[PDB]
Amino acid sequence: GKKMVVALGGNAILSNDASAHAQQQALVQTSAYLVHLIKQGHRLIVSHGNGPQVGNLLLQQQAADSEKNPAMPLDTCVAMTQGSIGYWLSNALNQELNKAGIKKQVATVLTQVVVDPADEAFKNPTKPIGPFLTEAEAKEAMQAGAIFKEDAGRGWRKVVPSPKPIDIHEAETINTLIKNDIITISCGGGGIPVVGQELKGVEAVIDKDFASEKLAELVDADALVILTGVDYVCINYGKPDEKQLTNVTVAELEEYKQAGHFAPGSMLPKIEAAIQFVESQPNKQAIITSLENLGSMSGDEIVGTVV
């Protein structure tokens, strides 16, 4: 059936307890929802972020930094998160598929995503990475050669550059796996940031949503699934103008966008990615909803289109 690229959130995987067990445990539930789509005859093309995971790992790299045990640069850290999270997800999916009696194979592929070295993002570190720190701790680490930004309500986090995806090196192999009916997990953590023909690794963390967006293109998927904690995109939330979006046209999204309805932090990137995907090919669509909502399915939430 429909080829769907689902982008799992790293902050969702690690929304509370930061222990491997807790994260794997969380992935069991998400896998249950994913397998549900498989029961419906859809083709799953899974991806995932790594925000908190990579930050914690980066800290671990710094904690023992020495000649004998040197810290692995961010690009290499992303690769490690592809391994860890990949492992967890794949194990979870297998468990759920096995239980559901469905016999599909799952494979995670290390993905190197090319980016433009002249990307403005390299000047503007924005990707919130790791745990929340007090302004005090933020200062303590800030002077070590790092930039932090505040999230009103919980604290400060280290910000990193998030360049836009230009090309997915392993795209061909991924596509081949898809053609052989294998559930693929790729573009882990937005993909290992790489630049140039030599694919020189750079220090950054790409946004899962935009990486998934490119994958959807190169893979010619039918739908791009952007995850959110709530089903339906709300506008003017606490205000008396509260409205769900349900069925929307790209033009309609642009209207709301121009009217500053989407927060630059989370919602804006979601909308932009959605719009970009739909505008890439004639018969394509983007969906924005809760994974739990997909676990139910019938007539789903937020469908961005133009045709």
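For every residue, the number given is its place in the sequence shown, counted from 1.
Checklist entry - Out of 120-128 and 187-195, which stretch has the higher average CA B-factor listed in the record? => result If you average the C-alpha B-factors of 120-128 and of 187-195, the larger mean comes out for 120-128.
Item to check | 137-145 versus 166-174 - greater average Cα B-factor per the deposited record | outcome: The deposited B-factors put 137-145 ahead on the C-alpha mean.
Next on the checklist: Sorting 249, 281, 61, 53 by Cα temperature factor from the record, which one lands on top?
Outcome noted: By C-alpha B-factor in the record, 281 ranks first.
Next on the checklist: Among 11, 23, 298, 289, where is the Cα B factor highest in this entry?
Outcome noted: That would be 298, according to the entry.
Checklist entry - Comparing residue 237 with the other modelled residues of its chain, is its CA B-factor in the lowest, middle or highest third? => result Tercile = middle for this residue's CA B-factor.
Next on the checklist: Quick check on the deposited entry: does the C-alpha B-factor of residue 244 sit in the lowest, middle or highest third of its chain?
Outcome noted: Tercile = highest for this residue's CA B-factor.
Checklist entry - C-alpha B factor of residue 152, ranked within the chain: lowest, middle or highest third? => result Highest third, going by the recorded CA B-factors of the chain.
Checklist entry - What third of its chain, lowest, middle or highest, does the C-alpha temperature factor of residue 28 fall into? => result Lowest third of the chain for residue 28's C-alpha B-factor.
Checklist entry - C-alpha B factor of residue 212, ranked within the chain: lowest, middle or highest third? => result Its C-alpha B-factor, which the entry lists for residue 212, ranks in the lowest third among residues of this chain.
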